[PDB]
Amino acid sequence: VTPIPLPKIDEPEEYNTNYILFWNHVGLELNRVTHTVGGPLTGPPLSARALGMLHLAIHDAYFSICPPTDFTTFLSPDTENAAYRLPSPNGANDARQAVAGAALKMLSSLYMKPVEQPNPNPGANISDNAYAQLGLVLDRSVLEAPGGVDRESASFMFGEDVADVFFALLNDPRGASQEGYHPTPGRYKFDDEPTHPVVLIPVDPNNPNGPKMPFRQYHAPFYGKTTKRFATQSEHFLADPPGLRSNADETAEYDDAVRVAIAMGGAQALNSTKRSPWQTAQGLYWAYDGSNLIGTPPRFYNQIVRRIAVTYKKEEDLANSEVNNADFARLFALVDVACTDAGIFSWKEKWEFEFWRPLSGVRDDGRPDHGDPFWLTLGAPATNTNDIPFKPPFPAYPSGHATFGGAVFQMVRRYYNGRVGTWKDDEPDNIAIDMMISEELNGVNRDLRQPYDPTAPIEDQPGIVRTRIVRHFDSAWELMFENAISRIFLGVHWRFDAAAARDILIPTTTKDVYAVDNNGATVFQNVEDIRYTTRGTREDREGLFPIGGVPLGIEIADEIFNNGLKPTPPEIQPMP
Ligand SMILES: O=[P-]([O-])[O-]
């Protein structure tokens, strides 16, 4: 087992002298490694879930040893229901070791090879190498942990017991299963993406150079409807997308969404592409579409939140401050739980509606004055591989990115309001950051000329290097907005997958048709002016519902925070 050479992270080394940030970092390393080797917990919703689980375990371990005043542990040690009962410390008094035990046990439980009975799903089998690569990440982390790991300490053992409770309660090992799901083709209907209709996978994952079999992937079609939610207190729902159900009559909106999709999301060289070079950069910056050495969007959102956390920390000392430890333990629990539930509800809605992606909608439109049967997108970047850009293997509405960003950045806003500045709950903040680099645009990662070599550093492999782009942002509101519209620029989402067009685009005197510049490129409202307020109807449910991923994530974050981070009541979990 030759270890994957992981490239340098653009972050100050001082961050990992904090033990809360250190274990977050280990979680992110496992995220990017698992997406390089084909391990467990791949894909956006489940990778979010792993981080939520990590940070809940860290949170309750830490706050058992260091009791907070403004909130409580997520689980109570006094609960009668065994499944929800937090272990007691019984003399254990070392928070650093409690956190190490919780983090290590949780991450080992999540990423280790399952023992006996051969727990492996046919078509979703994981190689021995993949588990070994992840094991090495964990082993290396033990030696790097600031202040060390003492496995014999009572506090460490207490942390492990905390992890065991959370793992038993919240793990969903087969949550991403696709057994029995099949597309139902037709107008507006999700189906195999035409540039990647089938993939060849090894018959035996431990013989990768051996015989192959075709596979049609559908990412987690049952997860949203069946999995246990973390901290939400209701079910969340979106308006019918234009073209479907109660909004089947929104023809002007749908037709203009097609026009905008072509102009803003097409391949670089197409005569019909009106996107600017800067908008390409905005598209790629936020991608993290499961690529080698990069992982999934929750990894990027955590990288950003680490910078926010250190920028706005209350004490200078990252190593020896209980104020900083408590601050980070609480923030990352709030953020990664919100990211988890955002994954659940975005997936639930995605598979409820089964709305097609722009590539298929544009190609299969069927009307000469609207469609283009030969259109190509900029696409989800296939970074650190020789593969062509793609369409993520799940339905369009709402965008996962949009929802995750809504939840993560609204949570950051609720947490820091009063501290960094003051704003109304739904208005722009001043949580600015600088020197923020995306691994999609870092001067190191690349579009390779040949298949990725997992035994060599990325810099030693021929390819076209991604330009290094160092960013500043004014606010979490800006982060949330740009993250959402990035997907329009890639051509992987409709405008309404992000938010109501009315809330992000500039209107004209024609209803549902939005402004373009002299070249036909879409104009956006200024960040300071953006309000996610525009609602729509549902065929199956009375009332007014948000449109697209951003307001879905916002509402999830607000509900979680308003309830002080407490578990979803057992009685409202899915049962069926
Ligand atoms: O759901 P999406 O942002 O590819």
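Residue numbers start at 1 and run along the sequence shown. The basis for the numbers below is simple: all heavy atoms, side chains too, and nothing from hydrogens, waters or symmetry mates. Atoms within a ligand are numbered from 1 in the order they appear, just like the ligands themselves.
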_Less than 6.0 angstrom from the centroid, inside 45 degrees of the normal: does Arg471 satisfy that with respect to the ring of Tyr285?_
yes

* Ignoring hydrogens and angles, state whether a donor on the side chain of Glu354 or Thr184 is under 3.5 Å from an acceptor on the partner side chain. => no

Contact region, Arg487 to ligand 1, non-hydrogen atoms below 4.0 Å, reads side chain

Ligand 1 to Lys350, heavy atom cutoff 4.0 Å, flagged ligand atoms 1 (O)

Atoms of ligand 1 under 4.0 Å from any heavy atom of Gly400, numbered from 1 in the order shown, are 1 (O), 2 (P), 3 (O)

Is there any N or O on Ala396 that sits under 3.5 Å from an N or O of ligand 1? no

Quiz item: Quick one: does NZ or CZ of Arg299 land under 6.0 Å from the six-membered ring centre of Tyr288, within 45 degrees of the ring axis?
Solution: no

On the ring face of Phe345, is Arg229 found with NZ or CZ under 6.0 Å from the centre and within 45° of the axis?
yes

Return the orientation label for the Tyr188 and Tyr254 ring planes: parallel under 30°, perpendicular over 60°, tilted otherwise. perpendicular

Quick look: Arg357 vs ligand 1, heavy-atom contacts under 4.0 Å, and the answer is side chain

- Query: Has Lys391 got any heavy atom lying under 4.0 angstrom from an atom of ligand 1?
  - Reply: no

With heavy atoms and a 4.0 Å threshold, my read on which part of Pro392 contacts ligand 1 is side chain

Next item on the list: Name the orientation class of the two ring planes belonging to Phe190 and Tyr218 (parallel below 30°, tilted from 30 to 60°, perpendicular beyond 60°).
Entry: perpendicular

For atom 2 (P) of ligand 1, the closest protein heavy atom turns out to be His493 NE2, 2.1 Å

